[PDB]
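Peer 1: Got a structure here, written out as structure tokens. Questions coming.
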Amino acid sequence: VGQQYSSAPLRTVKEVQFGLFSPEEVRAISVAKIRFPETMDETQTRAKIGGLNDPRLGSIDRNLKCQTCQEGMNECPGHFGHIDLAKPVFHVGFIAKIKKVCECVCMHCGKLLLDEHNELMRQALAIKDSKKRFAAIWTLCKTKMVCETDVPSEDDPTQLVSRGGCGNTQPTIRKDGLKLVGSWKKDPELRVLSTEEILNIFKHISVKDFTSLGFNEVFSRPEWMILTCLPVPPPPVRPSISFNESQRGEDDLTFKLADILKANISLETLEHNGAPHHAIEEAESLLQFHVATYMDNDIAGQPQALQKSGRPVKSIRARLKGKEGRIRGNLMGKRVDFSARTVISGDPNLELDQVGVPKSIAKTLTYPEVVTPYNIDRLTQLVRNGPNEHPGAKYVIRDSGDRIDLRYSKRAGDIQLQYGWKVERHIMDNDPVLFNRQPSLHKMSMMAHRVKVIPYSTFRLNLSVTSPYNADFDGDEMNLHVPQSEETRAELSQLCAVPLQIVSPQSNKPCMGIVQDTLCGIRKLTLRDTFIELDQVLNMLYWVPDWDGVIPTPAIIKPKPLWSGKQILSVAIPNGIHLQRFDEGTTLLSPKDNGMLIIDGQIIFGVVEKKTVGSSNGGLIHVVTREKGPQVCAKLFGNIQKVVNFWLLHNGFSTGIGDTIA
Amino acid sequence: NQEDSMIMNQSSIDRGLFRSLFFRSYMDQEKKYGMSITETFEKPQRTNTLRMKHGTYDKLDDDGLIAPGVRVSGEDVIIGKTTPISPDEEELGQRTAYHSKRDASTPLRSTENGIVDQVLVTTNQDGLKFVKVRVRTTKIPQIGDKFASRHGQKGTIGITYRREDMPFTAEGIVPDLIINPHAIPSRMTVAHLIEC
Amino acid sequence: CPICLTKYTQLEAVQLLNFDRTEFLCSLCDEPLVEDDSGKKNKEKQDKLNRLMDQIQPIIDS
Amino acid sequence: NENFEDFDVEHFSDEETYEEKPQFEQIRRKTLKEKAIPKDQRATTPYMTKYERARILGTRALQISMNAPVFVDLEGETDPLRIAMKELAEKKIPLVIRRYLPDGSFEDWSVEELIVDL
Amino acid sequence: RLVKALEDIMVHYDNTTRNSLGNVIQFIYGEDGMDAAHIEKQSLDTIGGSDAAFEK
Amino acid sequence: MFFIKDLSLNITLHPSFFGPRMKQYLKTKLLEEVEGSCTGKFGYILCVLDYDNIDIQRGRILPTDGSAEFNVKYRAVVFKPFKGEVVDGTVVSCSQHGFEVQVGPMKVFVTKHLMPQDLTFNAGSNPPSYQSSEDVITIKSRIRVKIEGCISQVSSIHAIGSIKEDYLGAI
Amino acid sequence: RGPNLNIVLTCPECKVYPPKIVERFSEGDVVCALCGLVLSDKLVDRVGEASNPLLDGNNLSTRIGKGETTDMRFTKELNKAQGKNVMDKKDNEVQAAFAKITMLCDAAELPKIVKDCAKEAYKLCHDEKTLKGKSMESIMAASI
Amino acid sequence: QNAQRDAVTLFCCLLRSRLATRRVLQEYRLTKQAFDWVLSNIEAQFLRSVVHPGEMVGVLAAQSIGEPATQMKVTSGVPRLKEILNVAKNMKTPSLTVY
Amino acid sequence: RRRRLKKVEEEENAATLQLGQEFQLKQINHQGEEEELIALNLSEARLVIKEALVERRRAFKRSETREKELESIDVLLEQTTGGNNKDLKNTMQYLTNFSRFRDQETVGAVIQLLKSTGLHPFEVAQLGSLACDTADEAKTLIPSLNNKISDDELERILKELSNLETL
Amino acid sequence: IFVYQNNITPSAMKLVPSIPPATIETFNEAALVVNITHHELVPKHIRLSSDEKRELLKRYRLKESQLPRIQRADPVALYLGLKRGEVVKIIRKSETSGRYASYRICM
Amino acid sequence: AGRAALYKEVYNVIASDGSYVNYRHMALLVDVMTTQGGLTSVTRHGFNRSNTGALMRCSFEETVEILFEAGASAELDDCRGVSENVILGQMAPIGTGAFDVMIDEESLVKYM
Amino acid sequence: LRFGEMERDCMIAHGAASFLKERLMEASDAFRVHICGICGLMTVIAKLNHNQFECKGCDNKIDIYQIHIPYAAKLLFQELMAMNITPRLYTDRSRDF
Ligand SMILES: [Mg+2]
Ligand SMILES: [Zn+2]
Ligand SMILES: [Zn+2]
Ligand SMILES: [Zn+2]
Ligand SMILES: [Zn+2]
Ligand SMILES: [Zn+2]
């Protein structure tokens, strides 16, 4: 059914601007204030208002609408909530940056310790990129342990000029877990710097000051690095799974948000009802730890938040990183529809650009063909055939976007197709499909073939195409992919087609060649002793599909009409092809029959071997695909394979234990 | 038979060459979550059970279990189980007061089929009734089935030929299997030849 | 809206009125909106204002 | 599950190896009319590229599959890709290609004037 | 690693080889502007041989 | 308020309209989605001026849909309301909540709290109206109203009116 | 009372209530059995922890434990912070009583269903005005 | 234009090595129309050999280097390739070749 | 160009000359140059729309009392505008009923009268639209006129517009 | 150009930056025994003028940051006395096109 | 000269086992490795630190740390890279995407 | 079936950009989401039946666009917002190439 029509303009994302939420923006975009750690109500059957699964945040049930946008599961993107923290906390991924900014700026008035009055500071401000400039400023100002309310003049060090400083001694700041401790210089007294103090000092940092530190005035202020209003992700981010559709197991993020809410309520009650400063610090440390492990559970030197079963809580950072994260496992690569996988098998009777697709796979995979006057009759016949018969169709998509399954519709009568409708019909012969073998190291390991629907359960493919795929038939499996639009179908067959990838750009030589039985039989066929009698010659000539119908004059007329193997293999070679290769000891007479001479597509001398029809530069494949084109070279592959495989079928080739005996 | 493929004789396959039995056992237990939330092995009906699977339930008996010997096909229910729900809800449109239960039945695998070989009813350690249903089928060798010698010479069936299409000796003996010569020299599997 | 417990301003009430031009219908419940009391107690707030100020009169004089 | 000794490499799984080794302007501005390079001084190739040919064939076949007017005499051909190739053969495709220079400027090349040598 | 370091390198319509930022890697691709598939090994006849064979 | 503006609209032409006379399909489709259309950014667009020459840019084919996106630039007359402006009109409907006055193509609702207290509702009279000691406000009656608030969505504009200020009401 | 927020899968063409609806799970569709029109596509068929909201209620808590690189000083302070919580004292004592239920049933080799039934019986009879002066061991024994 | 001449100077060296006046008149024995055909086909095959703009040559280069590595005194092979791609201050067999 | 949020702005108010960022005094036309914002009174807009409609009717062909005017504009709307013209019909009947001036001579006279006042384009069309009778009435109906025009000049403008008003 | 023997004291090295436009370059004698430019791996570096650099940026439609870089400690950069923002045309032998001319800006 | 030596070493590694790779691929590798004035390694601290877009850089390694340092520094991703358009699901400006296809009105009236 | 990272790389090497877009969008996850023009965040309440779009905070109803991104991309952006990062998506350029 797709998604409902929207009157908003359809645009593409041209720029992505990064930054940090203001605490004001979290409350501004929030649709609810989360106040209760519970998710279910007091009847354990509706969602609690103000809880973690508040209906204003969105719905993750197919039968429940969102309270805010009044849309279903597939349309509502989810809406954010917010938690007002009792005390501000550090962001766990910004602790080192907070510490560096703390070393940069004053801990008493919130001003940069070194200004343009210093020579080494001025060149640090002249650095264009923010990261290198901030690193230079931090390395220069980490050793300055005084605000320097009075500094020597730049023009001459004879008179003293007073900047806007307090002159206080900046403590050495070091981290011990989730908190920062400062030790003032002894005339060292160590004390823990509270997060509210750091937030207040970061609020006093001027616009020109943190811009020199690399912080944008609009998008990322240093004061926004301190968390005082925690955003609450919608239930689409943290769905409640079901083990047997009777348990209500929640996500790990829901558990962490419940713990954060419990710590926040505990801190609020301790502050409101009075508590010793040890208890307040302990509660705010617990809240800081819960927020940190909610954003990052794997912290060096910290305990890990654990589930009830003892497994570590999967934080958001764990959900993003790795090959199973959102980036690498869900965005850079992903599982896709309209794809198939089975064992591959060889087929010498297929073309180079053909894949033998199983009939069940063909009946499962579909292509949506738009109804035109050119295919109204064929698509009507495919709709009448139905989904249980190949060729047929499985769905009819109307112009309104409604999709009619062709199952549960024959009882409703026939469907009259209109122009512009789509028919999701089974993939038929000569449909361009992408065909791929993992690991897929190079581009020739994923190429476009044409479908030939076959009555067995394996993918069938030509033997010459196994070398670019690095594919065997000892149980190898290869993926199929079906394009779903005319653009992808067209650029699949005009860029990714198998004949177009015959010559590899990796080594400027062909990557597809005559291999295995065809190579052995093409060496045995083109020996001087190999003479073929008339009946077998006619059967060979008919096996070449583009044979022009003229029987070549035999190499021996009398006393018996005998054709040589070179003569019949030359029928597969197109006319106008000239090849000349001299091996060791090769002259115009070839006593060893080595080398190669092909004139006008006719083999003059030379046994045809890996140097001629293999994947080698200057071979027959390279010359034919450079002179005649890729389609003619694919036809050459097919013709050579057919004629040589027929000859080796009626000749035979073996190997045995006696071949290993000297 | 190129690139580790092998040509198997179809006539040999018809006489039982490499034909195998395949058994698959399905286990299911009725667990008591509490007082009213308990599972029951029963044959569900469309009138009073919600979220029924689209596969057939007609092969089940009164206990929700299929008798041994009955042929099963893909996505067919072999163990029938239902769990109670909260009455008078509003979900999926097709929810009424008659729907006091939902279906928690165990269907067969979507591609598998066969014959129910043995159905075993017993109790676990907790005393809850649980069942095991064994389904038996033939695996007849076809194109793509993997076969190996005793020497690391693995490969799938490229094609099957009948006896009259296979090569034959002067004694009328045809192979059950044709493997490629090119699997021999690079792998240096001399012991395959000496074994033959 | 007494059913969904949601507020609606006078600006967005007019965009939700029916074809009969008689009642304002809810966005979700499709129920006739009932009128709030923003302005009926406003003078009372002013009265509360008055009842604060004399009560805060010794503070400001100090 | 299963227990197989048939070694199947997990693909896109290099993070195992990653965890093994973790330790070691002047001529045009904004979007003015100077973005459009005039026809008399177009410096790009007059030949249609393989990507240009592929996307023109795809776009034309997509339009033909959605009842666009066909500008060539069909010989009984019904497949939209073959009709698009017939249109490209005798230069009856009413499209242009906006080739984007790396600085944001572009050149407009009509499909009719581009040489399809490939 | 090689793919991720080179995933944004493209030949542009000025035949310069540039990354996503537009930084020029090669001012012409392969220093000759040629597709690799259209390259064959050929013998340079002037560089080899003797001076007498060159004159002949 | 009536203005004349230069507006640019993105029109997605289906490939079925890729004929020799595609420009007149583009101009005809331009009128059908602009003439009388309401946009919250520019108000109620009424008529398209300068029809003889309309700036039609070169349309870009959408990379997955096949339709062509044109940026048609045109000069049109619009009616955009504002708060704090005085407009005349005629009443088209009346109720206990208030009466709707038709100004231009727009219906301004005058709430019951934003009238002088002498006016009261009378549903017994046909048609229902508001009766005061000096004037009556009935259907198809001239009335001058000051717009104090206008809400503009992406495709609709609703305005709130008052007649409490002096030199307003019936003319 | 309250917002509806209910989605019904009704065919807009057959107009039959209740509709014959087939959930084609393999094809990920919800279709009408009469006309074949799809109603909702891309349907949803692990990542969290199982928690039944009938035995321990709607309590969502995570404990603090040793990781790969963990200091002993930080763990003890967080454990004392978690222990010194006043709002979950009833939850703490009911989990202690449930632990005693499991300890007594496991010392008797009673089946798991007995443990579950005793736990839910204790939960249902907990915090009762008529049951306040009785000893904890008597409650324990009667629940078992 | 200078970049164009520098790009085609090696192919022009090859072309002058092949299409010299002595070699055409004595070895190849070409006629007027044959020579015109040779020149036209050399020009056409040259203009067909130019890399198409838009080609993702970086991924092509990365795959064309990585795949022969998958088919793979001083260190060589995969560890030497790793010590090259990781610009490492140390290496197993640092060496000179002094002439 | 900055991508800042800048989500805070004053509400569009006719009293304080705030008509929005897309109704500023200066407008960038399709040719790119700055040009004065065009505001029409109720009589001028009717003539502009009628001229546009008869121009469209002429282009299609080549390719007074209020009662006889209403049928003429009705048949013009039927023969010129296609579907979804209900808003345009309501606008045309609104401009016909609330028309202070009939012919283009009176409208041009009003324009040259108000072009020498030096006021905003928005407020002069409001002065030409509303049938004000008192200078204080014009000041309280249009709050932008306070400390902007003298009372005697405003009285002269109102009495001359009332003299130029017909039917 | 100051060609010292072993080392420069940091007390004298700090005043090596002097009044513009005077530039001071310090070279060690051991690093200048062998001319690096004569090495077969080192190709021909030619410093471009301001108008040549402007024409190079115009014809390729380039910015300063989009050029290949050479650092202002490179031995050829010190040999040529490159200041920041100076572009050298590097002519080198190419096995695919005989001659190839790259460009590098000094950073 | 460092680039030439790097090419020679890469060529020695490639042709050590007799495998042949065309010159332009290794040339592109050594030109990317030397385009910044020094030998930039193909590592997390090499090419991945160049300011080529945060969504591109997070795809390789240190995803969350790069996203954090982009959020703190307010990095503007111009979405010109392949990985940005892959993440955003729009057609990357590569291959067939390296241009725009626009309908020609002047040739449309010319055909008939 | 996994259309993994290096499958994407091989499709890049072919230059088949529209097929690469189709695999990642029309074959796995094509999600339409509205963003306002003021802030690039996805916090736009959209009633499609009533045709009403509104972003709270920005308080704009006339500056809304719809985009087609993967659902995994939407999930990424929402996780980044949960981690106090703004993935502000804008539909127009601000700086020259
Ligand atoms: Mg294998
Ligand atoms: Zn919602
Ligand atoms: Zn200070
Ligand atoms: Zn409601
Ligand atoms: Zn139906
Ligand atoms: Zn916003």
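Order determines the names: the first chain of the structure tokens is A, the second B, and so forth; residues in each chain are numbered 1 upward, and ligands are numbered 1 upward as they are shown.
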Would you kindly report the residues of chain C within 8 Å of chain F, using only C-alpha atoms, as a PyMOL selection string?

Peer 2: chain C and resi 11-12+14-15+21-23

Peer 1: Output C-alpha atoms for every residue in that selection, as a PDB file, in the first residue's frame.

Peer 2:
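Output below, filename selection_30.pdb:
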```
ATOM      1  CA  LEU C  11      -6.622  30.016  16.099  1.00  0.00           C
ATOM      2  CA  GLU C  12      -6.617  26.264  15.439  1.00  0.00           C
ATOM      3  CA  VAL C  14     -11.462  27.563  13.264  1.00  0.00           C
ATOM      4  CA  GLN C  15      -9.444  25.179  11.082  1.00  0.00           C
ATOM      5  CA  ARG C  21     -20.280  25.990  10.656  1.00  0.00           C
ATOM      6  CA  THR C  22     -21.736  25.231  14.091  1.00  0.00           C
ATOM      7  CA  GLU C  23     -19.303  23.154  16.186  1.00  0.00           C
TER       8      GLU C  23
END
```

Peer 1: Please list as a ChimeraX atom specification every residue within 9 Å of residue A:397, counting only C-alpha atoms and excluding residues in the same chain fewer than 4 positions away.

Peer 2: /A:368,401-405,421-424

Peer 1: Can I get the residues close to ligand 2 as a list in words, where close means within 8 Å and we count only C-alpha atoms and all ligand atoms?

Peer 2: residues 56, 57, 58, 59, 65, 66, 67, 68, 69, 70, 71, 72, 75, 76, 77, 78 and 79 of chain A; 45 of chain L

Peer 1: Contacts from chain A to chain B, 10 Å maximum, only C-alpha atoms: show me the residue list as a ChimeraX atom specification.

Peer 2: /A:45,61-64,244-246,342-348,456-460,463,466,471-476,515-518,520,649,652-660

Peer 1: Based on the selection just made, write C-alpha atoms of those residues as a PDB file, in the first residue's frame.

Peer 2:
```pdb
ATOM      1  CA  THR A  45      -2.360  -3.223  29.501  1.00  0.00           C
ATOM      2  CA  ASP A  61       2.202  -1.713  17.426  1.00  0.00           C
ATOM      3  CA  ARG A  62       0.431  -2.373  14.139  1.00  0.00           C
ATOM      4  CA  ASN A  63      -2.968  -1.739  15.771  1.00  0.00           C
ATOM      5  CA  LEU A  64      -1.973   1.409  17.701  1.00  0.00           C
ATOM      6  CA  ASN A 244       6.369 -15.733  22.234  1.00  0.00           C
ATOM      7  CA  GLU A 245       3.960 -12.766  21.782  1.00  0.00           C
ATOM      8  CA  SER A 246       3.019 -13.024  25.470  1.00  0.00           C
ATOM      9  CA  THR A 342      21.248 -21.476  -4.330  1.00  0.00           C
ATOM     10  CA  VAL A 343      24.069 -23.808  -5.332  1.00  0.00           C
ATOM     11  CA  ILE A 344      25.689 -23.144  -8.706  1.00  0.00           C
ATOM     12  CA  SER A 345      26.328 -25.808 -11.323  1.00  0.00           C
ATOM     13  CA  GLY A 346      28.058 -25.710 -14.673  1.00  0.00           C
ATOM     14  CA  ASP A 347      26.215 -25.802 -17.986  1.00  0.00           C
ATOM     15  CA  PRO A 348      28.170 -25.915 -21.264  1.00  0.00           C
ATOM     16  CA  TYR A 456      16.140 -27.857 -11.520  1.00  0.00           C
ATOM     17  CA  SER A 457      17.138 -26.295  -8.212  1.00  0.00           C
ATOM     18  CA  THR A 458      20.616 -24.938  -9.028  1.00  0.00           C
ATOM     19  CA  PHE A 459      21.893 -21.802 -10.693  1.00  0.00           C
ATOM     20  CA  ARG A 460      23.369 -22.757 -14.058  1.00  0.00           C
ATOM     21  CA  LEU A 463      32.138 -22.523 -17.543  1.00  0.00           C
ATOM     22  CA  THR A 466      33.658 -19.144 -13.380  1.00  0.00           C
ATOM     23  CA  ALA A 471      33.587 -20.045  -8.555  1.00  0.00           C
ATOM     24  CA  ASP A 472      33.714 -23.831  -8.345  1.00  0.00           C
ATOM     25  CA  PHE A 473      30.894 -26.363  -8.176  1.00  0.00           C
ATOM     26  CA  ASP A 474      31.908 -28.127  -4.957  1.00  0.00           C
ATOM     27  CA  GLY A 475      28.916 -26.556  -3.209  1.00  0.00           C
ATOM     28  CA  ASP A 476      29.463 -22.877  -4.005  1.00  0.00           C
ATOM     29  CA  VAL A 515      38.979 -23.488 -19.346  1.00  0.00           C
ATOM     30  CA  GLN A 516      39.051 -27.102 -18.148  1.00  0.00           C
ATOM     31  CA  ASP A 517      37.465 -29.696 -20.485  1.00  0.00           C
ATOM     32  CA  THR A 518      37.044 -27.201 -23.310  1.00  0.00           C
ATOM     33  CA  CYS A 520      41.875 -29.912 -23.047  1.00  0.00           C
ATOM     34  CA  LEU A 649      31.956 -36.005 -25.935  1.00  0.00           C
ATOM     35  CA  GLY A 652      36.502 -38.951 -24.740  1.00  0.00           C
ATOM     36  CA  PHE A 653      39.246 -37.971 -22.349  1.00  0.00           C
ATOM     37  CA  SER A 654      40.254 -39.683 -19.128  1.00  0.00           C
ATOM     38  CA  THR A 655      43.095 -39.906 -16.638  1.00  0.00           C
ATOM     39  CA  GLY A 656      44.241 -42.792 -14.508  1.00  0.00           C
ATOM     40  CA  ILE A 657      46.827 -44.352 -12.227  1.00  0.00           C
ATOM     41  CA  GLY A 658      48.880 -45.457 -15.240  1.00  0.00           C
ATOM     42  CA  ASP A 659      49.347 -41.828 -16.239  1.00  0.00           C
ATOM     43  CA  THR A 660      51.372 -41.363 -13.033  1.00  0.00           C
TER      44      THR A 660
END
```

Peer 1: Do you know which residues are within 9 Å of ligand 3 using only C-alpha atoms and all ligand atoms? Can you write them as a PyMOL selection string?

Peer 2: chain A and resi 105-113+146-149+164-170

Peer 1: Keeping only N, CA and C atoms, write the selected residues as a tab-separated table (two decimals), in the first residue's frame.

Peer 2:
```tsv
chain	number	residue	atom	x	y	z
A	105	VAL	N	40.52	27.24	29.14
A	105	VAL	CA	39.84	28.42	29.64
A	105	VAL	C	40.07	28.53	31.14
A	106	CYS	N	39.71	29.68	31.70
A	106	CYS	CA	39.87	29.92	33.12
A	106	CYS	C	38.75	29.26	33.91
A	107	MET	N	39.12	28.68	35.05
A	107	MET	CA	38.17	28.08	35.97
A	107	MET	C	37.61	29.06	36.98
A	108	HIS	N	37.86	30.35	36.79
A	108	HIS	CA	37.38	31.31	37.76
A	108	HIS	C	36.49	32.37	37.11
A	109	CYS	N	36.84	32.83	35.91
A	109	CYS	CA	36.02	33.80	35.19
A	109	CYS	C	35.57	33.32	33.82
A	110	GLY	N	36.00	32.13	33.39
A	110	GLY	CA	35.61	31.61	32.09
A	110	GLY	C	36.14	32.36	30.89
A	111	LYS	N	37.43	32.69	30.91
A	111	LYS	CA	38.09	33.39	29.81
A	111	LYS	C	39.32	32.59	29.40
A	112	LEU	N	39.70	32.70	28.13
A	112	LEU	CA	40.92	32.06	27.66
A	112	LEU	C	42.13	32.61	28.39
A	113	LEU	N	43.03	31.71	28.80
A	113	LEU	CA	44.18	32.10	29.60
A	113	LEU	C	45.16	32.93	28.79
A	146	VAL	N	47.90	30.43	35.46
A	146	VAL	CA	47.45	31.70	36.02
A	146	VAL	C	46.67	32.43	34.93
A	147	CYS	N	45.62	33.15	35.35
A	147	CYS	CA	44.76	33.83	34.39
A	147	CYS	C	45.44	35.02	33.72
A	148	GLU	N	46.54	35.52	34.29
A	148	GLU	CA	47.37	36.59	33.72
A	148	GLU	C	46.55	37.87	33.50
A	149	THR	N	46.12	38.44	34.63
A	149	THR	CA	45.38	39.70	34.59
A	149	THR	C	46.23	40.87	34.11
A	164	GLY	N	41.25	41.52	30.55
A	164	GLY	CA	40.14	41.23	31.43
A	164	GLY	C	40.31	39.95	32.21
A	165	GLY	N	41.31	39.91	33.09
A	165	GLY	CA	41.61	38.69	33.82
A	165	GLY	C	41.46	38.84	35.32
A	166	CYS	N	41.32	37.71	36.01
A	166	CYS	CA	41.22	37.70	37.46
A	166	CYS	C	42.54	37.39	38.15
A	167	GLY	N	43.51	36.83	37.43
A	167	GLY	CA	44.80	36.52	38.00
A	167	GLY	C	44.84	35.28	38.87
A	168	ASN	N	43.73	34.54	38.97
A	168	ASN	CA	43.69	33.37	39.83
A	168	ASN	C	44.50	32.23	39.21
A	169	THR	N	44.93	31.31	40.07
A	169	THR	CA	45.74	30.18	39.65
A	169	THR	C	44.83	29.06	39.15
A	170	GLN	N	45.04	28.64	37.91
A	170	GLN	CA	44.24	27.56	37.35
A	170	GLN	C	44.75	26.21	37.84
```

Peer 1: Quick check for you: according to DSSP on this backbone, which residues of stretch 263-454 of chain A are classed as strand (DSSP E or B)? Reply as a ChimeraX atom specification.

Peer 2: /A:301,304-306,312,334-335,339-346,354-358,366-370,393-397,403-405,422-426,432-436,446-454

Peer 1: Identify, on the basis of only C-alpha atoms, every residue whose closest approach to residue D:54 does not exceed 7 Å; exclude the query and any residue fewer than 4 positions from it along the same chain; express the result as number ranges by chain.

Peer 2: A: 490-491, 494-495; D: 50, 58

Peer 1: Residues of chain J no more than 10 Å from chain E, counting only C-alpha atoms: send them over as a PyMOL selection string.

Peer 2: chain J and resi 59-68+93-103

Peer 1: At a cut-off of 7 Å and counting only C-alpha atoms and all ligand atoms, what residues surround ligand 4? Please answer as number ranges by chain.

Peer 2: C: 1-6, 26-31; G: 3

Peer 1: Could you write those residues out with N, CA and C atoms, as a PDB file, in the first residue's frame?

Peer 2:
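Once written, again.pdb looks like this:
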```
ATOM      1  N   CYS C   1     -10.533  19.254  24.601  1.00  0.00           N
ATOM      2  CA  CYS C   1     -11.301  18.058  24.271  1.00  0.00           C
ATOM      3  C   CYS C   1     -11.404  17.163  25.496  1.00  0.00           C
ATOM      4  N   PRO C   2     -12.605  16.929  26.035  1.00  0.00           N
ATOM      5  CA  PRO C   2     -12.721  16.115  27.257  1.00  0.00           C
ATOM      6  C   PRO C   2     -12.346  14.655  27.068  1.00  0.00           C
ATOM      7  N   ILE C   3     -12.322  14.151  25.835  1.00  0.00           N
ATOM      8  CA  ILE C   3     -12.011  12.743  25.617  1.00  0.00           C
ATOM      9  C   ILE C   3     -10.504  12.516  25.595  1.00  0.00           C
ATOM     10  N   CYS C   4      -9.784  13.260  24.759  1.00  0.00           N
ATOM     11  CA  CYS C   4      -8.347  13.063  24.610  1.00  0.00           C
ATOM     12  C   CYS C   4      -7.519  13.981  25.500  1.00  0.00           C
ATOM     13  N   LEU C   5      -8.167  14.863  26.273  1.00  0.00           N
ATOM     14  CA  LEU C   5      -7.511  15.759  27.236  1.00  0.00           C
ATOM     15  C   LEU C   5      -6.449  16.640  26.578  1.00  0.00           C
ATOM     16  N   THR C   6      -6.765  17.168  25.398  1.00  0.00           N
ATOM     17  CA  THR C   6      -5.849  18.020  24.653  1.00  0.00           C
ATOM     18  C   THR C   6      -6.443  19.412  24.486  1.00  0.00           C
ATOM     19  N   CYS C  26     -12.919  17.630  17.069  1.00  0.00           N
ATOM     20  CA  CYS C  26     -11.570  17.252  17.462  1.00  0.00           C
ATOM     21  C   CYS C  26     -10.805  16.651  16.287  1.00  0.00           C
ATOM     22  N   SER C  27      -9.478  16.787  16.337  1.00  0.00           N
ATOM     23  CA  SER C  27      -8.634  16.224  15.288  1.00  0.00           C
ATOM     24  C   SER C  27      -8.605  14.703  15.356  1.00  0.00           C
ATOM     25  N   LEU C  28      -8.530  14.146  16.564  1.00  0.00           N
ATOM     26  CA  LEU C  28      -8.445  12.704  16.761  1.00  0.00           C
ATOM     27  C   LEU C  28      -9.783  12.083  17.140  1.00  0.00           C
ATOM     28  N   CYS C  29     -10.423  12.589  18.197  1.00  0.00           N
ATOM     29  CA  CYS C  29     -11.664  11.993  18.675  1.00  0.00           C
ATOM     30  C   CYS C  29     -12.857  12.323  17.789  1.00  0.00           C
ATOM     31  N   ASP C  30     -12.765  13.390  16.988  1.00  0.00           N
ATOM     32  CA  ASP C  30     -13.884  13.937  16.211  1.00  0.00           C
ATOM     33  C   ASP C  30     -15.087  14.213  17.111  1.00  0.00           C
ATOM     34  N   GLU C  31     -14.815  14.878  18.233  1.00  0.00           N
ATOM     35  CA  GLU C  31     -15.779  15.205  19.265  1.00  0.00           C
ATOM     36  C   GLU C  31     -15.876  16.719  19.421  1.00  0.00           C
TER      37      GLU C  31
ATOM     38  N   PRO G   3      -8.399   8.605  24.292  1.00  0.00           N
ATOM     39  CA  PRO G   3      -8.258   8.556  22.834  1.00  0.00           C
ATOM     40  C   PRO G   3      -8.369   7.133  22.311  1.00  0.00           C
TER      41      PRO G   3
END
```

Peer 1: May I have a table of the residues of chain H lying at most 7 Å from chain A, giving each one's closest pair of atoms and their distance in Å to one decimal, counting only C-alpha atoms, ordered by chain and ascending residue number, as a tab-separated table?

Peer 2:
```
residue	atom	partner	partner_atom	distance
H:63	CA	A:442	CA	5.2
H:64	CA	A:506	CA	4.8
H:67	CA	A:441	CA	6.1
```

Peer 1: In chain J, what's helix (DSSP H, G or I) per DSSP? Answer as a PyMOL selection string?

Peer 2: chain J and resi 10-13+30-32+36-38+50-59+75-80
